[PDB]
Amino acid sequence: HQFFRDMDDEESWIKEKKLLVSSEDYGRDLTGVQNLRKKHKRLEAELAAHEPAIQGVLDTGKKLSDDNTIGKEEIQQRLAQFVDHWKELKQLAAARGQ
């Protein structure tokens, strides 16, 4: 139950993370351009820390499996969303860079 909770709070953080990216943009068109470029740079750094964070949960889940399996499987499905979300985020970041 705890791991699940943590995962949930984590997924939440992901949403909150994306929100930040959406916040650090508004600031007069004239600067908006430089704002996007600056955002990208911060995005790369961010991602560096977001990788280990998300992975951490993933690893934990793997453990749960070996410790239970019957049940945790459902959580994996939910966690699948987490990865998917991050995946999209990565793609977006890549596009921005290019």
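Please note: Cβ atoms are built from the backbone with ideal geometry, for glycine as well, and neighbour counts cover all protein chains shown. Read-outs: derived from the displayed coordinates by stated rules, not from any lab.
Taking 8 Å as the Cα distance limit and 6 or more residues as the minimum spacing, I'd like the relative contact order of the chain as a percentage.
About 37 percent, as a whole number.
Would you please give the FRET efficiency between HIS40 and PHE4, computed as 1/(1 + (r/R0)^6) with r the Cβ-Cβ distance and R0 = 35 Å, to the nearest 0.05?
Calculated value: 0.55.
Report the net charge of residues surrounding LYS72, where surrounding means a beta-carbon distance below 15 angstrom and charges are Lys +1, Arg +1, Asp -1, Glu -1.
Result for the local shell: -3.
With charges only on Cβ, +1 for K and R and -1 for D and E, what is the dipole size of the chain about its Cα centre, in debye, rounded to 20?
Here the chain has a charge dipole of around 600 debye.
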